[PDB]
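Topology and contacts: notes
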Amino acid sequence: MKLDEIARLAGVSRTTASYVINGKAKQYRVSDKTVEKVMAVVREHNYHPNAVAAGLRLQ
C-alpha cells in the first residue's frame, strides 16, 4: 500500500498522506483533520516507513 494509494484512499496528496504515514501530521498542517482521515488508512493497510530513521536523541 504505497504512499500514492494511501493518499487517494484516505483523501489527500502523496505528501499530505506522507505526513500521516510517519506520524508527522502536526509537524506539517494536518494536526487532526487528516490524522483520523489518513491515519485510519495508513493503519488499515499497516503501511509504515523502513528501518534506520533520524532520531537518536528523541528527547
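Residues numbered from 1 in each chain as written, not as in the entry; some residues may be left out. Heavy atoms only, no water.

It helps to recall that an α-helix has 3.6 residues per turn; residues three or four apart then point in one direction. Within the sequence span of helix α3 (residues 35-45), burial applies to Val-35, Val-38, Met-39, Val-41 and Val-42. Within α3, the buried residues cover an arc of 160° as seen down the axis, which keeps them to one side. Exposed positions of α3 whose direction lies more than 90 degrees from the buried face are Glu-36 and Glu-44. Residues of α3 that are buried make contact with α1 (3-10) and α2 (16-22). The positive-phi residue at the C-terminal boundary of α3 is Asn-46, with phi of around 65°. (Buried < 20%, exposed > 50% of the residue type's maximum accessible area, 1.4 Å probe, protein only. Helix = DSSP H or I, 4+ residues; strand = E, 2+ residues; numbered from the N terminus. Arc of directions from axis to C-beta. Contact = heavy atoms within 4.5 Å.)

So, about the UniProt feature "DNA-binding region" in the protein. With numbering aligned to this structure, UniProt lists the feature "DNA-binding region" at residues 3-22. Between the C-alpha atoms that bound residues 3-22 there is a distance of 11 Å. The span itself is 75% helix and 0% strand. (UniProt positions renumbered as here; feature names shortened; annotations may be inferred.)

For the rest of this paragraph, the subject is unusual backbone geometry. Even without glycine at this site, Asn-46 takes up a positive phi of about 65°. The backbone of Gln-59 shows a phi angle near 80°, a positive value even though the residue is not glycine. Summarising the element assignment, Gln-59 is placed in the segment after α3. By relative accessible area, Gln-59 is classed as exposed at 90%.

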